[PDB]
Amino acid sequence: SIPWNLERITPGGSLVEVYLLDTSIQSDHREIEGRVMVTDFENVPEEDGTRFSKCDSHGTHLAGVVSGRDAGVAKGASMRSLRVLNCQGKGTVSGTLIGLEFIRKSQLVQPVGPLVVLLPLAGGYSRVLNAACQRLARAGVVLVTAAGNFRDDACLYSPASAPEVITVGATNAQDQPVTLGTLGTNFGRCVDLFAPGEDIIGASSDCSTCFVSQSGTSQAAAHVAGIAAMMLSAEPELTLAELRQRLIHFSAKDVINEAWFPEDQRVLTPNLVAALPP
Amino acid sequence: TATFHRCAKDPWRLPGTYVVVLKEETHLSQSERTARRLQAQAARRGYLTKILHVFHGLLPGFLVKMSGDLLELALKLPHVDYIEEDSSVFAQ
Amino acid sequence: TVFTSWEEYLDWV
């Protein structure tokens, strides 16, 4: 039938543009061709050592998760990509800030409809990054971010900890928090909800028709970005608060076993798994 | 008074590059002037600086490559709210 | 595993 994750969120998005701040992307992958516009934007740090497994692996997969023809959430959504992560998946706070500013400048020059900005990345708590996100949010833009993959309190990371952003943790096919190596999804009061983030099939930049399964809070956040795009296309006048309320209203309630989280984080971590409205 | 911040996760810090954030109402022209003043004051003390970017649209300020030695000086500049050392973010 | 087509993925899953 359909991928487990696409079933999990289903008990499209054409009015909305989704900005992706990530690695490079293979914009002619069949899954996203003609749905994604690669902006001239690039701001990345030099690679350290000689590592990566393609330069565009991460972003291509997430673009597919959001808008992909066969495996996407919001199949009518258009996307715009900015490169703020290098070949090893590493960026800078200052590069991210310049990207967020680019988005606002782009909107002012040529306004369209509702904008969703997907930030599938995390660093340490950052006053300036949090402030920039808050600012962009107040300007009328919806920001969705990854909770982080450090099995830690999301409040210690940015943009996860930012006010006015939608922060997304990862759950697996059994609605349980995702383990990633020795770590896993972040948790805590700064996380808004969870979404499918394990074993998620999506566009592989290895070839124009290739697919690969990936895991992470990036993939989880990509789901919510897709869901947000669908909800905003149906109800374009929603304020951020109303959108947040709709995301909570249509979430699966109390399906996560909270024993996975540290004792004190259980009450603080919302037991919600995102889903589309009926 | 303006405050200085750097990433709590040591390995993720990027010393030598700083985000100078100015007060909310600061205009682009003021930000630009403040950047050039920093370069002037730093130059008189024998320090090189590079203004990598001037921010406006969300936050006013600029991105400067410079020695951390200059932080006490930079914090005294007009319009400065705070200054943050650049740091890394990672694909999740 | 990288699947070379959506059909390939469908056959496997």
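Heavy-atom basis, side chains included; hydrogens, waters and symmetry copies ignored. Chain identifiers are assigned alphabetically (A, B, ...) following the order of the sequence lines, protein sequences preceding nucleic acid strands; residue numbering begins at 1 within each chain.
- If you take CG on B:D69 and OH on B:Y47, they are separated by 3.5 Å, rounding to the nearest 0.5 Å.
- Side chain of A:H61 to backbone of A:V212: a donor-acceptor contact under 3.5 angstrom is found.
- Distance check, rounded to the nearest 0.5 Å: CZ of A:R30 to CZ of A:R35 gives 12.0 Å.
- In this structure, the separation between OG on A:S14 and CE on A:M230 is 9.5 Å, given to the nearest 0.5 Å.
- Between A:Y157 and B:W12, the two ring planes are tilted [angle within 30° to 60°].
- Of the possible donor and acceptor atoms, none in the side chain of A:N186 sits under 3.5 Å from a partner among the backbone N and O of A:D153.
- No side-chain heavy atom of A:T23 sits less than 4.5 Å from a side-chain heavy atom of A:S57.
- The distance from the OH atom of A:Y125 to the CG atom of A:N130 is 5.0 Å, given to the nearest 0.5 Å.
- Sparse packing is recorded around CZ of B:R33, with 12 or fewer heavy atoms of other residues, nucleotides or ligands lying under 6.0 Å away.
- There is a side-chain donor-acceptor pair under 3.5 Å between A:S126 and B:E84.
- Between the A:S218 side chain and the A:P120 main chain, a donor and an acceptor come within less than 3.5 Å of each other.
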A:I256/A:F261 under side-chain contact (heavy atoms from CB on, under 4.5 Å): CA gap, chis, key distance, verdict: CA-CA 10 Å; A:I256 307 175; A:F261 305 123; 4.2 Å; yes
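- Both A:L121 and A:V128 belong to a common hydrophobic cluster when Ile, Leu, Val, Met, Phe, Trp and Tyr are linked at side-chain heavy-atom distances under 4.5 angstrom.
- Using a 4.5 Å heavy-atom cutoff, the side chains of A:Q26 and A:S208 are in contact.
- Residues A:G99 and A:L21 come closest through the heavy atom pair C-CD2, 4.2 Å.
- The aromatic rings of C:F3 and C:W12 lie tilted to each other, with the angle between the two planes from 30° to 60°.
- The shortest distance between side-chain heavy atoms of B:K65 and B:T17 falls below 4.5 Å.
- The heavy-atom pair separating A:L193 from A:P270 by the smallest distance is N-CG, 4.1 Å.
- A:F194 and A:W260 have their aromatic ring centers separated by at least 6.0 angstrom.
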Steps toward side-chain contact (heavy atoms from CB on, under 4.5 Å) verdict (A:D40, A:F102): CA-CA 10 Å; A:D40 61 15; A:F102 181 86; 3.8 Å; yes
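- The 12-atom threshold is not exceeded at CG of B:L48, counting heavy atoms of other residues, nucleotides or ligands nearer than 6.0 Å.
- The salt bridge (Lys or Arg N to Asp or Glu O under 4.0 Å) check on C:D11 picks up nothing, with sequence neighbours excluded.
- Contact of the B:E85 side chain with the B:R13 side chain is registered, since non-hydrogen atoms from C-beta on lie closer than 4.5 Å.
- Under the ring pair (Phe, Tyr, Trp, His ring centres under 6.0 Å) criterion, no residue pair touches residues 64-97 of chain A, with sequence neighbours excluded.
- Note: A:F211 and A:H29 have perpendicular aromatic rings, judged against thresholds of 30 and 60 degrees for the angle between ring planes.
- Within a 6.0 Å sphere centred on CZ of B:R45, heavy atoms belonging to other residues, nucleotides or ligands number 12 at most.
- Between A:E47 and A:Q88, the side chains place no donor N or O within less than 3.5 Å of an acceptor N or O (distance only, hydrogens not considered).
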A:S158/A:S161 under side-chain hydrogen bond (donor to acceptor under 3.5 Å, both in side chains): CA gap, chis, key distance, verdict: CA-CA 5 Å; A:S158 289; A:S161 63; 3.2 Å; yes
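- Within the 4.5 Å cutoff, no side-chain heavy atoms of A:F41 are placed close to those of A:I103.
- More than 12 heavy atoms of other residues, nucleotides or ligands shown are found within 6.0 angstrom of NZ on A:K54.
- Here A:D175 pairs with A:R8 in a salt bridge; the nearest charged N to carboxylate O distance falls below 4.0 Å.
- When every heavy atom of A:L243 is checked against every heavy atom of A:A228, the shortest pair comes out as CD2-CB, 4.3 Å.
- Judged as a salt bridge (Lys or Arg N to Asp or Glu O under 4.0 Å), and not counting sequence neighbours, A:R189 has no contacts.
- With sequence neighbours excluded, no residue forms a salt bridge (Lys or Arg N to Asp or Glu O under 4.0 Å) with B:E32.
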Verdict with reasoning, A:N5 to A:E7, per side-chain hydrogen bond (donor to acceptor under 3.5 Å, both in side chains): CA-CA 5 Å; A:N5 56 110; A:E7 192 68 85; over 6 Å; no
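- Nearest heavy atoms, A:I25 versus A:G59: CG2-C, 3.6 Å.
- The backbone N or O of A:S81 sits less than 3.5 Å from a side-chain atom of A:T39, completing a donor-acceptor pair.
- A donor-acceptor distance shorter than 3.5 angstrom exists from the side chain of A:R69 to the backbone of A:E33, with no hydrogens or angles considered.
- Contact check for A:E17 versus A:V116: no side-chain heavy atoms found under the 4.5 Å cut-off.
- At a threshold of 4.5 Å between non-hydrogen side-chain atoms, the residues A:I227 and A:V73 count as touching.
- To the nearest 0.5 angstrom, B:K9 atom NZ is 13.0 Å from B:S88 atom OG.
- A:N86 contributes a side-chain N or O that, together with a main-chain N or O of A:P45, makes up a donor-acceptor pair within less than 3.5 Å.
- For the residue pair A:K253 and A:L272, the shortest heavy atom distance occurs at CD-CD2, 3.4 Å.
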Candidate pair A:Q214 and A:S204, rule side-chain hydrogen bond (donor to acceptor under 3.5 Å, both in side chains), full reasoning: CA-CA 10 Å; A:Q214 285 185 15; A:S204 167; over 6 Å; no
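- By the 4.5 Å heavy-atom criterion applied to side chains, A:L238 and A:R246 are counted as neighbours.
- Between B:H53 and B:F55, the angle of the ring planes goes over 60°, which puts this pair in the perpendicular group of the 30/60° scheme.
- A donor-acceptor pair under 3.5 Å links the side-chain atoms of A:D192 to the main chain of A:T167, judged by distance alone.
- Evaluation of the side chain to side chain contact (heavy atoms under 4.5 Å, CB included) rule for A:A220 yields A:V168, A:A170, A:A195 as partners, not counting sequence neighbours.
- When atom types are taken as modelled, the side chain of A:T179 and the backbone of A:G184 share no donor-acceptor pair closer than 3.5 angstrom.
- Atom-to-atom distance recorded for B:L14:CG and B:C7:SG is 8.5 Å, nearest 0.5 angstrom.
- The minimum heavy-atom distance linking B:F62 with B:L38 is given by the pair CE1-CD2, 3.9 Å.
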List the atom pairs, with distances to 0.1 Å, where a side-chain N or O of residues 134-149 of chain A and a protein N or O form a donor-acceptor pair under 3.5 Å, not counting sequence neighbours.
| residue | atom | partner | partner atom | Å |
| --- | --- | --- | --- | --- |
| A:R135 | NE | B:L58 | O | 3.1 |
| A:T145 | OG1 | A:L119 | O | 2.7 |
| A:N149 | OD1 | A:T217 | N | 2.9 |
| A:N149 | OD1 | A:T217 | OG1 | 2.7 |
| A:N149 | ND2 | B:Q92 | O | 2.8 |

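- A donor-acceptor distance shorter than 3.5 angstrom exists from the side chain of A:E101 to the backbone of B:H56, with no hydrogens or angles considered.
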